[PDB]
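Student: part one of the complex, untouched from its place in the assembly:
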Amino acid sequence: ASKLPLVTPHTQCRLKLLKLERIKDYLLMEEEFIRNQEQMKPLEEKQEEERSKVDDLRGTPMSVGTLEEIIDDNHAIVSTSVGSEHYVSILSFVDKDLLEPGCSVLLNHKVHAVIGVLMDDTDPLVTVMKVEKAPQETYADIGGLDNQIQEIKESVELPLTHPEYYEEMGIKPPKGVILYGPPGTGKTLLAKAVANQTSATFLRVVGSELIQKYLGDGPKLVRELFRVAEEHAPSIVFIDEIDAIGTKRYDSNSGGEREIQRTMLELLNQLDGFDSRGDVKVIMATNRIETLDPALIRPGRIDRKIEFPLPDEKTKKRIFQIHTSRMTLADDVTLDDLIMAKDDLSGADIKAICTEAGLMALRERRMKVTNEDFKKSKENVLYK
């Protein structure tokens, strides 16, 4: 267990031979300094005897207490489950460390003395906001964009996978990444492929669900949110639809727009605090880029500004080829007629027409999709 970090060599080197034989020196010499213990003074077993001596100190009614302060000479004021706090002492099997104000501990039943500490079952909110597995396919699913893919790999993936290029340059990666354009252009769809690609811990939050009904619970949720973001390791925080905090007013929020404002002050801190931030990357997306505070859009808080245009028609046919890949396409259809149906169709429009056309095939129990399925499919999807 963390015995010797020299695992370099990577061939038949004698260093590897003599170093492993010198671990054989510390282990053969001192396995002959392991024999003599119970040979000279048995007197107990020490594998369970002293262990059951601790376990006979501590009683079976193990009350669970809570720390609020520490005085160093193994006594402190701890909180009971009732609320009536005591001034008990602290044992020697308490490994005086994992002790923070607010920590769950183990107390005596009789004199309530600090027996042990307790591992924390955390909070469900971390599992709620934490993405567990890879969502979907890779960047090859996207198609047609091919320019800002280098931008997102540039700001996010390449700093993670290659920590050499910035050091030979003497430079740091850009901090904030923002994504904006028309709706349905694949803004979240890119973050899907990012969540495929990365090995870092990934968090995702919608900008609508920031707002609350109580006072300050918003900014408190921000503070514990970036707490959770920092307390892991390398992490990626994704924010979707952050214009919605400024556009829609809801009557659940007791404070008006000058509570949303203070939430924006707390978040505005949490992007560029004086504190040591750490390895937390920020990726954001919206469609109303013009509405929110430019103080959050300044370089230093968001460095990279990425626009998504509408798909041009030669990229459209690629997206048709993507969403019509694994389907039994009857040769009746011509995709070029489907291209210029809408002059500004999104990538979601293509997939919607494809899926609804498959629904029209499954109404008639067929296996292939014909041309009239698309003819009435664009009427169903587009025109209403």
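Tutor: Noted; the coordinates are in hand. Residues are numbered from 1 along each chain as shown, chains lettered A, B, ... in the order given.

Student: going forward, measure contacts and count neighbours with C-alpha atoms only.
Tutor: Noted.

Student: just the helices in the stretch 101-250 of chain A please.
Tutor: In the stretch 101-250 of chain A, the segments counted as helices under DSSP state H, counting those that start in this stretch are A:124-129, A:148-152, A:158-161, A:165-169, A:187-197, A:217-230, A:244-247.

Student: restricting to C-alpha, output the last one in CSV.
Tutor: The C-alpha atoms that make up helix A:244-247 are tabulated as CSV, following Å, rounded to 0.1, in the frame of the first residue of the first chain:
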residue,chain,number,x,y,z
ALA,A,244,-34.4,31.2,-18.6
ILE,A,245,-33.3,32.7,-15.3
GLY,A,246,-33.8,36.2,-16.8
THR,A,247,-36.7,35.7,-19.2
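
Student: who touches that helix?
Tutor: A:207-208, A:210-211, A:260, A:291-292 (CA atoms under 8 Å, 6 or more residues apart in numbering).

Student: export these to TSV and tack on neighbour count and distance to residue A:64?
Tutor: Below are the contacts of helix A:244-247 laid out as TSV (neighbours: other CA atoms under 10 Å; distance: CA to CA, whole Å):
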residue	neighbour count	distance to residue A:64
A:207	19	38
A:208	17	38
A:210	18	34
A:211	21	35
A:260	21	39
A:291	12	50
A:292	17	47
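
Student: among these, which are in strands?
Tutor: If you go by DSSP state E, these have nothing in strands.

Student: quick one: end-to-end distance for stretch A:238-251.
Tutor: Counting by CA to CA, to the nearest Å, you get 26 Å between the two ends of stretch A:238-251.

Student: also put chain B in, sequence below:
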Amino acid sequence: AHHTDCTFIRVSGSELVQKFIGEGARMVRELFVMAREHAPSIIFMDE
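Tutor: Below is chain B, added to the chains above:
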């Protein structure tokens, strides 16, 4: 849901429902704990 045997769970945004979802439930997403525990389920919503 009655015929395909799913958990018909409507949400209404009340506060007596709240105590079985969580203590504060700062999101709505904490319902998904019970939802993936009754994995063939259907969520229903009013106007």
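
Student: residue B:7 against residue B:38, yeah?
Tutor: Yes. With contact defined as CA atoms under 8 Å, residue B:7 counts as touching residue B:38 (6.7 Å).

Student: look at the two and report which has more neighbours.
Tutor: residue B:7 (15 against 12; other CA atoms under 10 Å in any protein chain shown).

Student: list the helices and strands the helix ranked longest in chain B packs on?
Tutor: Ordering each helix of chain B by length in residues (DSSP state H) puts helix B:31-37 first. Packing partners of helix B:31-37 (3 or more CA pairs under 8 Å, 6 or more residues apart in numbering or on different chains; DSSP states H and E): none among the helices and strands.

Student: list of residues touching it?
Tutor: The contact list for helix B:31-37, computed with CA atoms under 8 Å, 6 or more residues apart in numbering or on different chains, reads B:21, B:41.

Student: export it to PDB, keeping only CA atoms.
Tutor: Extracted in PDB, the C-alpha atoms of helix B:31-37 (Å, rounded to 0.1, in the frame of the first residue of the first chain):
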ATOM      1  CA  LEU B  31     -38.500  11.900  -8.100                       C
ATOM      2  CA  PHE B  32     -36.400   9.800 -10.500                       C
ATOM      3  CA  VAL B  33     -35.100   7.900  -7.500                       C
ATOM      4  CA  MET B  34     -38.500   6.400  -7.000                       C
ATOM      5  CA  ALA B  35     -39.100   6.400 -10.800                       C
ATOM      6  CA  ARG B  36     -36.100   4.200 -11.600                       C
ATOM      7  CA  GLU B  37     -37.100   2.000  -8.600                       C
END
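
Student: include chain C as well:
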Amino acid sequence: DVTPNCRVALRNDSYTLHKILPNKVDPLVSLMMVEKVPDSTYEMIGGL
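Tutor: Below is chain C, added to the chains above:
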């Protein structure tokens, strides 16, 4: 046999475990119990 989220019988002198208490509720059975939706079927569908 000890399940998470289950009642138990407990002795009081040494707090020794005594017996598993049957069951209590799901956190959703109580929920739909509070809501009380009008359970329906195909046999009460009028022309849809």
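
Student: again for the contacts of helix B:31-37, chain C present now?
Tutor: Applying CA under 8 Å, 6+ apart, the contact partners of helix B:31-37 are B:21, B:41, C:27-28.

Student: of all of chain A, which residue lies closest to chain C?
Tutor: Using CA to the nearest CA, the single residue of chain A nearest to chain C is residue A:61, 5.9 Å away.

Student: do I have it right that that residue meets residue A:108?
Tutor: Yes. Residue A:61 is within contact range of residue A:108, at 7.3 Å (criterion: CA under 8 Å).

Student: so what's the residue count around the residue of chain A closest to chain C?
Tutor: Residue A:61: 16 neighbours (other CA under 10 Å).

Student: which other residues reach the host helix or strand of residue A:378?
Tutor: In this assignment (DSSP states H and E), residue A:378 forms part of helix A:371-381. Contact with helix A:371-381 is made by A:332-334, A:349, A:352-354, A:356-358, A:360-361, as judged by CA under 8 Å, 6+ apart.

Student: stretch A:166-176: end-to-end distance?
Tutor: 17 Å.

Student: same deal with stretch C:11-18?
Tutor: Taking CA to CA, the first and last residues of stretch C:11-18 lie 6 Å apart.

Student: near chain B, which residues of chain A?
Tutor: Neighbours of chain B within chain A, by CA under 8 Å from any CA of the partner chain: A:124-125, A:128, A:209, A:212.

Student: now the residues you listed as JSON lines including distance to chain C?
Tutor: Formatted as JSON lines, the residues of chain A next to chain B follow (distance: CA to the nearest CA, whole Å):
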{"residue": "A:124", "distance to chain C": "15"}
{"residue": "A:125", "distance to chain C": "18"}
{"residue": "A:128", "distance to chain C": "18"}
{"residue": "A:209", "distance to chain C": "23"}
{"residue": "A:212", "distance to chain C": "23"}
